[PDB]
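Heads up: the structure comes next, in structure tokens.
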Amino acid sequence: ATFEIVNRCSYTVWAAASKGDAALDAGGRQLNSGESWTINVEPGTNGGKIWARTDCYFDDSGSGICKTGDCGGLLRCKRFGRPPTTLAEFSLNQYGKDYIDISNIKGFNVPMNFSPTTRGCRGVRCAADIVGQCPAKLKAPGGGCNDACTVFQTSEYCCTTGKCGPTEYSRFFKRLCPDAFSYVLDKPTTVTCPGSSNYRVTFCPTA
């Protein structure tokens with residue numbers, strides 16, 4: 001499948017694309033305002049994610065640090081990023097269907113639009129100013145708005161027993177972005193698309 005990742009933000013992001021134990025395509029790249037990066041993702045890839053990293057500083061070796069989403073200090077991510085990270089999540093060619101969602105379960109850093117560029121399903125978006133409205137206890141000094149599992153490490157926020165309910169923190173993310181997952185047992189906002197669809201992930205889709 002083809003993903004075109006577009007930075008419409010006024011600031012530079014560092015895009016990342018991984019399935020947890022491996023890079024997807026090159027794994028990461030700098031995107032200046034307006035730039036677009038087209039990657040190829042193997043069919044059948046399950047549990048892929050795409051996210052933005054902010055305020056990175058890297059050397060000529062591809063090694064360094066990002067204030068949000070850092071993936072063990074590497075430009076080219078092989079693993080998932082450190083919260084807070086707004087996530088575009090995808091499972092592809094799963095019994096003939098693709099499944100996509102946006103998730104705030106690991107917090108929010110950058111607004112996002114995640115849509116198919118081929119026919120037969122709708123896209124999803126989380127485009128509200130979550131960072132500006134973030135509750136004081138969930139503010140990340142680095143930038144971003146952390147989820148409450150990251151911040152407090154409780155069974156209830158992390159849904160460690162497999163039973164957990166909505167919380168005052170999950171409801172904050174949900175009020176601002178109804179179409180993203182706000183906690184592990186949220187009513188699914190998954191979109192089912194035809195198998196082998198192609199997609200575009202845009203950062204700051206309205207901004």
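Scheme for the structure tokens: letters A, B, ... for chains in order shown; per-chain residue numbers from 1; ligand numbers from 1 in order shown.
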Test item: residues at most 9 Å from residue A:65, only C-alpha atoms, excluding those fewer than 4 positions along its chain, as a VMD selection string: chain A and resid 55 to 58 70 to 75
DSSP-assigned alpha helix (DSSP H) members of stretch 30-204 of chain A, reported as a PDB file with N, CA and C atoms, in the first residue's frame:
```pdb
ATOM      1  N   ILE A 130      -5.890  20.406  21.364  1.00  0.00           N
ATOM      2  CA  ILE A 130      -5.724  19.620  22.579  1.00  0.00           C
ATOM      3  C   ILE A 130      -4.567  20.112  23.401  1.00  0.00           C
ATOM      4  N   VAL A 131      -3.467  20.585  22.779  1.00  0.00           N
ATOM      5  CA  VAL A 131      -2.381  21.045  23.558  1.00  0.00           C
ATOM      6  C   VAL A 131      -2.712  22.307  24.373  1.00  0.00           C
ATOM      7  N   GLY A 132      -3.425  23.210  23.712  1.00  0.00           N
ATOM      8  CA  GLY A 132      -3.821  24.478  24.379  1.00  0.00           C
ATOM      9  C   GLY A 132      -4.811  24.291  25.517  1.00  0.00           C
ATOM     10  N   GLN A 133      -5.656  23.278  25.391  1.00  0.00           N
ATOM     11  CA  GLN A 133      -6.688  23.034  26.382  1.00  0.00           C
ATOM     12  C   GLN A 133      -6.286  21.938  27.383  1.00  0.00           C
ATOM     13  N   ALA A 148      -3.333   9.836  30.528  1.00  0.00           N
ATOM     14  CA  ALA A 148      -3.224   9.619  31.996  1.00  0.00           C
ATOM     15  C   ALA A 148      -2.545   8.288  32.390  1.00  0.00           C
ATOM     16  N   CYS A 149      -2.484   7.275  31.501  1.00  0.00           N
ATOM     17  CA  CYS A 149      -1.741   6.063  31.764  1.00  0.00           C
ATOM     18  C   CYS A 149      -0.245   6.444  31.914  1.00  0.00           C
ATOM     19  N   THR A 150       0.305   7.111  30.908  1.00  0.00           N
ATOM     20  CA  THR A 150       1.664   7.616  31.016  1.00  0.00           C
ATOM     21  C   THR A 150       1.996   8.396  32.251  1.00  0.00           C
ATOM     22  N   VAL A 151       1.109   9.298  32.653  1.00  0.00           N
ATOM     23  CA  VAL A 151       1.303  10.232  33.756  1.00  0.00           C
ATOM     24  C   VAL A 151       1.190   9.549  35.131  1.00  0.00           C
ATOM     25  N   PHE A 152       0.149   8.724  35.309  1.00  0.00           N
ATOM     26  CA  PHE A 152      -0.196   8.180  36.628  1.00  0.00           C
ATOM     27  C   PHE A 152       0.070   6.691  36.856  1.00  0.00           C
ATOM     28  N   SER A 155      -3.890   0.984  37.184  1.00  0.00           N
ATOM     29  CA  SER A 155      -4.656  -0.069  36.465  1.00  0.00           C
ATOM     30  C   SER A 155      -5.834   0.545  35.711  1.00  0.00           C
ATOM     31  N   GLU A 156      -6.514   1.546  36.307  1.00  0.00           N
ATOM     32  CA  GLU A 156      -7.688   2.110  35.683  1.00  0.00           C
ATOM     33  C   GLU A 156      -7.339   2.879  34.386  1.00  0.00           C
ATOM     34  N   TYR A 157      -6.309   3.700  34.443  1.00  0.00           N
ATOM     35  CA  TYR A 157      -5.954   4.488  33.227  1.00  0.00           C
ATOM     36  C   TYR A 157      -5.304   3.611  32.169  1.00  0.00           C
ATOM     37  N   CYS A 158      -4.507   2.650  32.609  1.00  0.00           N
ATOM     38  CA  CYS A 158      -3.769   1.761  31.691  1.00  0.00           C
ATOM     39  C   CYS A 158      -4.590   0.566  31.223  1.00  0.00           C
ATOM     40  N   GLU A 168     -12.197  11.067  33.766  1.00  0.00           N
ATOM     41  CA  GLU A 168     -12.267  12.509  33.478  1.00  0.00           C
ATOM     42  C   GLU A 168     -11.161  12.902  32.451  1.00  0.00           C
ATOM     43  N   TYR A 169     -10.055  12.174  32.456  1.00  0.00           N
ATOM     44  CA  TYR A 169      -9.018  12.457  31.441  1.00  0.00           C
ATOM     45  C   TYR A 169      -9.349  11.929  30.101  1.00  0.00           C
ATOM     46  N   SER A 170      -9.863  10.721  30.018  1.00  0.00           N
ATOM     47  CA  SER A 170     -10.246  10.194  28.704  1.00  0.00           C
ATOM     48  C   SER A 170     -11.335  11.010  28.103  1.00  0.00           C
ATOM     49  N   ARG A 171     -12.242  11.517  28.939  1.00  0.00           N
ATOM     50  CA  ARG A 171     -13.346  12.317  28.404  1.00  0.00           C
ATOM     51  C   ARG A 171     -12.915  13.646  27.869  1.00  0.00           C
ATOM     52  N   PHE A 172     -11.842  14.194  28.374  1.00  0.00           N
ATOM     53  CA  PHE A 172     -11.262  15.381  27.796  1.00  0.00           C
ATOM     54  C   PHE A 172     -10.827  15.182  26.322  1.00  0.00           C
ATOM     55  N   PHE A 173     -10.024  14.114  26.093  1.00  0.00           N
ATOM     56  CA  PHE A 173      -9.614  13.793  24.714  1.00  0.00           C
ATOM     57  C   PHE A 173     -10.817  13.510  23.809  1.00  0.00           C
ATOM     58  N   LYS A 174     -11.825  12.814  24.323  1.00  0.00           N
ATOM     59  CA  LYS A 174     -12.998  12.455  23.565  1.00  0.00           C
ATOM     60  C   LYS A 174     -13.892  13.633  23.238  1.00  0.00           C
ATOM     61  N   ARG A 175     -13.998  14.612  24.140  1.00  0.00           N
ATOM     62  CA  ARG A 175     -14.794  15.802  23.904  1.00  0.00           C
ATOM     63  C   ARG A 175     -14.201  16.574  22.733  1.00  0.00           C
ATOM     64  N   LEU A 176     -12.922  16.724  22.699  1.00  0.00           N
ATOM     65  CA  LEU A 176     -12.196  17.442  21.661  1.00  0.00           C
ATOM     66  C   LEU A 176     -12.047  16.675  20.338  1.00  0.00           C
TER      67      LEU A 176
END
```
Determine, counting only C-alpha atoms, which protein, DNA and RNA residues have an atom within 9 Å of an atom of stretch 178-192 of chain A; residues of the same chain fewer than 2 positions away are not included. Present the result as number ranges by chain. A: 97-107, 121-126, 147, 157-159, 162-167, 169-176, 194-195
Residues of the last selection are to be written out with N, CA and C atoms, as a tab-separated table (two decimals), in the first residue's frame.
```
chain	number	residue	atom	x	y	z
A	97	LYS	N	-9.82	-6.92	4.19
A	97	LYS	CA	-10.19	-5.54	4.60
A	97	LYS	C	-8.95	-4.87	5.20
A	98	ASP	N	-8.93	-3.56	5.13
A	98	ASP	CA	-7.93	-2.71	5.86
A	98	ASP	C	-8.67	-2.03	7.00
A	99	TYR	N	-7.95	-1.85	8.13
A	99	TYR	CA	-8.55	-1.19	9.30
A	99	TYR	C	-7.65	-0.02	9.72
A	100	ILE	N	-8.25	1.13	9.82
A	100	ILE	CA	-7.47	2.38	10.18
A	100	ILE	C	-8.18	3.11	11.35
A	101	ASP	N	-7.38	3.82	12.15
A	101	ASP	CA	-7.94	4.64	13.20
A	101	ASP	C	-6.92	5.70	13.56
A	102	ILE	N	-7.39	6.74	14.24
A	102	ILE	CA	-6.48	7.63	14.98
A	102	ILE	C	-6.68	7.30	16.49
A	103	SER	N	-5.56	7.35	17.22
A	103	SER	CA	-5.59	7.10	18.66
A	103	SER	C	-4.91	8.21	19.44
A	104	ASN	N	-5.60	8.66	20.52
A	104	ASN	CA	-5.02	9.52	21.59
A	104	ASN	C	-4.63	8.74	22.86
A	105	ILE	N	-4.58	7.41	22.77
A	105	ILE	CA	-4.29	6.57	23.95
A	105	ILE	C	-2.89	6.81	24.44
A	106	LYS	N	-2.00	7.30	23.57
A	106	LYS	CA	-0.63	7.66	23.99
A	106	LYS	C	-0.46	9.18	23.91
A	107	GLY	N	-1.56	9.91	24.07
A	107	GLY	CA	-1.51	11.34	24.15
A	107	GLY	C	-1.60	11.98	22.75
A	121	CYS	N	-14.18	4.19	1.62
A	121	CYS	CA	-14.34	4.44	3.04
A	121	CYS	C	-14.09	5.91	3.28
A	122	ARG	N	-14.32	6.35	4.48
A	122	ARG	CA	-14.16	7.72	4.90
A	122	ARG	C	-12.87	7.82	5.71
A	123	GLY	N	-12.39	9.03	5.87
A	123	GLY	CA	-11.23	9.26	6.71
A	123	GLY	C	-11.64	9.65	8.15
A	124	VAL	N	-10.64	9.86	9.00
A	124	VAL	CA	-10.82	10.30	10.40
A	124	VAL	C	-9.87	11.44	10.67
A	125	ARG	N	-10.19	12.29	11.64
A	125	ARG	CA	-9.39	13.41	11.91
A	125	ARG	C	-9.44	13.74	13.40
A	126	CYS	N	-8.32	14.17	13.95
A	126	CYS	CA	-8.32	14.83	15.28
A	126	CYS	C	-7.57	16.12	15.05
A	147	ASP	N	-1.34	11.30	27.82
A	147	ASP	CA	-2.49	10.53	28.33
A	147	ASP	C	-2.27	10.27	29.86
A	157	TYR	N	-6.31	3.70	34.44
A	157	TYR	CA	-5.95	4.49	33.23
A	157	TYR	C	-5.30	3.61	32.17
A	158	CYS	N	-4.51	2.65	32.61
A	158	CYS	CA	-3.77	1.76	31.69
A	158	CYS	C	-4.59	0.57	31.22
A	159	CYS	N	-5.75	0.35	31.87
A	159	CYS	CA	-6.67	-0.75	31.58
A	159	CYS	C	-6.00	-2.12	31.68
A	162	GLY	N	-7.93	-5.36	31.89
A	162	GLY	CA	-8.93	-5.53	30.87
A	162	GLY	C	-10.31	-5.05	31.20
A	163	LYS	N	-10.54	-4.43	32.37
A	163	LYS	CA	-11.81	-3.82	32.69
A	163	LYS	C	-11.33	-2.47	33.09
A	164	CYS	N	-11.88	-1.48	32.50
A	164	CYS	CA	-11.59	-0.11	32.90
A	164	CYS	C	-12.75	0.65	32.28
A	165	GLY	N	-13.06	1.81	32.83
A	165	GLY	CA	-14.07	2.67	32.25
A	165	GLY	C	-13.45	3.98	31.75
A	166	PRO	N	-14.29	4.81	31.10
A	166	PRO	CA	-13.88	6.15	30.84
A	166	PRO	C	-13.53	6.90	32.15
A	167	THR	N	-12.71	7.90	32.00
A	167	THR	CA	-12.24	8.72	33.13
A	167	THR	C	-12.42	10.18	32.79
A	169	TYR	N	-10.06	12.17	32.46
A	169	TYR	CA	-9.02	12.46	31.44
A	169	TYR	C	-9.35	11.93	30.10
A	170	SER	N	-9.86	10.72	30.02
A	170	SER	CA	-10.25	10.19	28.70
A	170	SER	C	-11.33	11.01	28.10
A	171	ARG	N	-12.24	11.52	28.94
A	171	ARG	CA	-13.35	12.32	28.40
A	171	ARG	C	-12.92	13.65	27.87
A	172	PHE	N	-11.84	14.19	28.37
A	172	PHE	CA	-11.26	15.38	27.80
A	172	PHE	C	-10.83	15.18	26.32
A	173	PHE	N	-10.02	14.11	26.09
A	173	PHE	CA	-9.61	13.79	24.71
A	173	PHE	C	-10.82	13.51	23.81
A	174	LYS	N	-11.83	12.81	24.32
A	174	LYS	CA	-13.00	12.45	23.57
A	174	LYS	C	-13.89	13.63	23.24
A	175	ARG	N	-14.00	14.61	24.14
A	175	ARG	CA	-14.79	15.80	23.90
A	175	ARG	C	-14.20	16.57	22.73
A	176	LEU	N	-12.92	16.72	22.70
A	176	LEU	CA	-12.20	17.44	21.66
A	176	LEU	C	-12.05	16.67	20.34
A	194	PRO	N	-11.55	-1.05	1.98
A	194	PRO	CA	-11.23	-2.21	1.15
A	194	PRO	C	-9.81	-2.57	1.29
A	195	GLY	N	-9.54	-3.87	1.25
A	195	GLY	CA	-8.15	-4.41	1.23
A	195	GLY	C	-7.31	-3.71	0.17
```
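The nearest approach to residue A:45 among the residues A:24, A:92, A:77, A:9, with only C-alpha atoms taken into account, belongs to A:92.
Across the structure, atom CA of residue A:15 and atom CA of residue A:96 are spaced 28.2 Å apart.
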Tell me which protein, DNA and RNA residues are within 6 Å of residue A:54, counting only C-alpha atoms, leaving out same-chain ones fewer than 6 positions away, and put them as a list in words.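 My reading of the contact set: residues 13, 66, 67 and 68 of chain A.
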Which residue out of A:112, A:16, A:52, A:134 has the minimum interatomic distance to residue A:39 when only C-alpha atoms are used?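 Checking each candidate against residue A:39, we get A:16 as the closest.
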Restricting the calculation to only C-alpha atoms: of A:5, A:145, A:17, A:50, which residue gets closest to residue A:31?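 Of the candidates, the smallest distance to residue A:31 is held by A:5.
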Among stretch 67-142 of chain A, which residues carry a DSSP assignment of strand (DSSP E or B), reported as a PDB file with N, CA, C and O atoms, in the first residue's frame?
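Written file, result_16.pdb:
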```
ATOM      1  N   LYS A  67      11.705  16.050  21.313  1.00  0.00           N
ATOM      2  CA  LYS A  67      10.861  16.346  22.511  1.00  0.00           C
ATOM      3  C   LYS A  67       9.574  15.645  22.589  1.00  0.00           C
ATOM      4  O   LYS A  67       9.093  15.356  23.701  1.00  0.00           O
ATOM      5  N   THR A  68       8.992  15.204  21.447  1.00  0.00           N
ATOM      6  CA  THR A  68       7.851  14.316  21.471  1.00  0.00           C
ATOM      7  C   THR A  68       8.096  13.236  20.470  1.00  0.00           C
ATOM      8  O   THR A  68       8.741  13.488  19.437  1.00  0.00           O
ATOM      9  N   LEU A  74      16.777   7.690  17.295  1.00  0.00           N
ATOM     10  CA  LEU A  74      17.127   7.428  15.891  1.00  0.00           C
ATOM     11  C   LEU A  74      16.222   8.239  14.945  1.00  0.00           C
ATOM     12  O   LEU A  74      15.011   8.309  15.162  1.00  0.00           O
ATOM     13  N   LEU A  87      -1.500   9.222  17.117  1.00  0.00           N
ATOM     14  CA  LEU A  87      -1.168   8.090  16.291  1.00  0.00           C
ATOM     15  C   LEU A  87      -2.132   7.757  15.193  1.00  0.00           C
ATOM     16  O   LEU A  87      -3.321   7.674  15.449  1.00  0.00           O
ATOM     17  N   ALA A  88      -1.605   7.567  13.974  1.00  0.00           N
ATOM     18  CA  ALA A  88      -2.348   6.957  12.861  1.00  0.00           C
ATOM     19  C   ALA A  88      -1.991   5.460  12.821  1.00  0.00           C
ATOM     20  O   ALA A  88      -0.840   5.124  12.625  1.00  0.00           O
ATOM     21  N   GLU A  89      -2.993   4.598  13.036  1.00  0.00           N
ATOM     22  CA  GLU A  89      -2.797   3.159  13.232  1.00  0.00           C
ATOM     23  C   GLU A  89      -3.485   2.370  12.131  1.00  0.00           C
ATOM     24  O   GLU A  89      -4.568   2.732  11.708  1.00  0.00           O
ATOM     25  N   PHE A  90      -2.841   1.318  11.659  1.00  0.00           N
ATOM     26  CA  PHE A  90      -3.380   0.603  10.528  1.00  0.00           C
ATOM     27  C   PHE A  90      -3.034  -0.882  10.556  1.00  0.00           C
ATOM     28  O   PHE A  90      -1.865  -1.286  10.875  1.00  0.00           O
ATOM     29  N   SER A  91      -4.067  -1.673  10.274  1.00  0.00           N
ATOM     30  CA  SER A  91      -3.864  -3.067   9.895  1.00  0.00           C
ATOM     31  C   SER A  91      -4.411  -3.280   8.451  1.00  0.00           C
ATOM     32  O   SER A  91      -5.561  -2.893   8.146  1.00  0.00           O
ATOM     33  N   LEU A  92      -3.553  -3.854   7.606  1.00  0.00           N
ATOM     34  CA  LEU A  92      -3.862  -3.987   6.207  1.00  0.00           C
ATOM     35  C   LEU A  92      -3.951  -5.464   5.757  1.00  0.00           C
ATOM     36  O   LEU A  92      -3.099  -6.304   6.104  1.00  0.00           O
ATOM     37  N   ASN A  93      -4.898  -5.655   4.865  1.00  0.00           N
ATOM     38  CA  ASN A  93      -5.194  -7.003   4.149  1.00  0.00           C
ATOM     39  C   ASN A  93      -5.481  -8.086   5.168  1.00  0.00           C
ATOM     40  O   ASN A  93      -4.762  -9.109   5.243  1.00  0.00           O
ATOM     41  N   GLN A  94      -6.383  -7.759   6.055  1.00  0.00           N
ATOM     42  CA  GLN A  94      -6.778  -8.685   7.198  1.00  0.00           C
ATOM     43  C   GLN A  94      -8.122  -9.272   6.710  1.00  0.00           C
ATOM     44  O   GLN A  94      -9.188  -8.647   6.797  1.00  0.00           O
ATOM     45  N   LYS A  97      -9.820  -6.923   4.193  1.00  0.00           N
ATOM     46  CA  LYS A  97     -10.192  -5.541   4.601  1.00  0.00           C
ATOM     47  C   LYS A  97      -8.949  -4.874   5.203  1.00  0.00           C
ATOM     48  O   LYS A  97      -8.066  -5.536   5.738  1.00  0.00           O
ATOM     49  N   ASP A  98      -8.931  -3.559   5.131  1.00  0.00           N
ATOM     50  CA  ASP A  98      -7.935  -2.710   5.858  1.00  0.00           C
ATOM     51  C   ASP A  98      -8.669  -2.032   7.000  1.00  0.00           C
ATOM     52  O   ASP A  98      -9.845  -1.724   6.903  1.00  0.00           O
ATOM     53  N   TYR A  99      -7.946  -1.853   8.130  1.00  0.00           N
ATOM     54  CA  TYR A  99      -8.546  -1.187   9.297  1.00  0.00           C
ATOM     55  C   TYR A  99      -7.650  -0.023   9.721  1.00  0.00           C
ATOM     56  O   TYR A  99      -6.448  -0.230   9.916  1.00  0.00           O
ATOM     57  N   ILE A 100      -8.251   1.135   9.822  1.00  0.00           N
ATOM     58  CA  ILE A 100      -7.470   2.383  10.179  1.00  0.00           C
ATOM     59  C   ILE A 100      -8.180   3.113  11.348  1.00  0.00           C
ATOM     60  O   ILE A 100      -9.405   3.033  11.516  1.00  0.00           O
ATOM     61  N   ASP A 101      -7.378   3.819  12.152  1.00  0.00           N
ATOM     62  CA  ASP A 101      -7.936   4.637  13.199  1.00  0.00           C
ATOM     63  C   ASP A 101      -6.919   5.704  13.565  1.00  0.00           C
ATOM     64  O   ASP A 101      -5.744   5.616  13.217  1.00  0.00           O
ATOM     65  N   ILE A 102      -7.392   6.743  14.236  1.00  0.00           N
ATOM     66  CA  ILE A 102      -6.485   7.632  14.985  1.00  0.00           C
ATOM     67  C   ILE A 102      -6.682   7.300  16.486  1.00  0.00           C
ATOM     68  O   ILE A 102      -7.802   7.004  16.928  1.00  0.00           O
ATOM     69  N   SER A 103      -5.559   7.352  17.224  1.00  0.00           N
ATOM     70  CA  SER A 103      -5.590   7.104  18.662  1.00  0.00           C
ATOM     71  C   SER A 103      -4.913   8.211  19.440  1.00  0.00           C
ATOM     72  O   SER A 103      -3.804   8.652  19.089  1.00  0.00           O
ATOM     73  N   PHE A 108      -1.353  13.260  22.726  1.00  0.00           N
ATOM     74  CA  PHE A 108      -1.479  14.096  21.537  1.00  0.00           C
ATOM     75  C   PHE A 108      -0.366  15.078  21.472  1.00  0.00           C
ATOM     76  O   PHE A 108      -0.059  15.780  22.421  1.00  0.00           O
ATOM     77  N   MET A 112      -3.942  15.833  13.269  1.00  0.00           N
ATOM     78  CA  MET A 112      -3.784  14.874  12.170  1.00  0.00           C
ATOM     79  C   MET A 112      -5.096  14.560  11.467  1.00  0.00           C
ATOM     80  O   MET A 112      -6.122  14.425  12.107  1.00  0.00           O
ATOM     81  N   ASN A 113      -4.936  14.257  10.178  1.00  0.00           N
ATOM     82  CA  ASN A 113      -5.984  13.828   9.266  1.00  0.00           C
ATOM     83  C   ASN A 113      -5.518  12.501   8.643  1.00  0.00           C
ATOM     84  O   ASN A 113      -4.366  12.372   8.227  1.00  0.00           O
ATOM     85  N   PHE A 114      -6.257  11.395   8.686  1.00  0.00           N
ATOM     86  CA  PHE A 114      -5.776  10.107   8.140  1.00  0.00           C
ATOM     87  C   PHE A 114      -6.876   9.501   7.264  1.00  0.00           C
ATOM     88  O   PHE A 114      -7.887   8.966   7.765  1.00  0.00           O
ATOM     89  N   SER A 115      -6.678   9.599   5.944  1.00  0.00           N
ATOM     90  CA  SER A 115      -7.756   9.327   4.980  1.00  0.00           C
ATOM     91  C   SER A 115      -7.274   8.411   3.879  1.00  0.00           C
ATOM     92  O   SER A 115      -6.069   8.406   3.539  1.00  0.00           O
ATOM     93  N   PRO A 116      -8.203   7.604   3.329  1.00  0.00           N
ATOM     94  CA  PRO A 116      -7.876   6.864   2.104  1.00  0.00           C
ATOM     95  C   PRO A 116      -7.899   7.805   0.897  1.00  0.00           C
ATOM     96  O   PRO A 116      -8.762   8.720   0.838  1.00  0.00           O
ATOM     97  N   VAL A 124     -10.645   9.861   9.002  1.00  0.00           N
ATOM     98  CA  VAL A 124     -10.820  10.296  10.404  1.00  0.00           C
ATOM     99  C   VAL A 124      -9.867  11.437  10.668  1.00  0.00           C
ATOM    100  O   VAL A 124      -8.797  11.496  10.013  1.00  0.00           O
ATOM    101  N   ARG A 125     -10.194  12.288  11.643  1.00  0.00           N
ATOM    102  CA  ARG A 125      -9.390  13.413  11.914  1.00  0.00           C
ATOM    103  C   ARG A 125      -9.440  13.738  13.400  1.00  0.00           C
ATOM    104  O   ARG A 125     -10.475  13.547  14.059  1.00  0.00           O
ATOM    105  N   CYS A 126      -8.325  14.171  13.953  1.00  0.00           N
ATOM    106  CA  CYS A 126      -8.318  14.833  15.276  1.00  0.00           C
ATOM    107  C   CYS A 126      -7.571  16.119  15.045  1.00  0.00           C
ATOM    108  O   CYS A 126      -6.328  16.149  14.942  1.00  0.00           O
ATOM    109  N   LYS A 139      -0.057  18.080  30.966  1.00  0.00           N
ATOM    110  CA  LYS A 139       0.879  18.830  30.147  1.00  0.00           C
ATOM    111  C   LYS A 139       2.268  18.224  30.164  1.00  0.00           C
ATOM    112  O   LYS A 139       2.821  17.863  31.169  1.00  0.00           O
TER     113      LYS A 139
END
```
Find the residues near residue A:8: any atom within 10 Å, counting only C-alpha atoms, skip ones fewer than 3 places away on the same chain, and give them as a list in words.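 That gives residues 5, 11, 12, 13, 31, 32, 33, 34, 35, 36, 111, 112, 202, 203, 204, 205, 206 and 207 of chain A.
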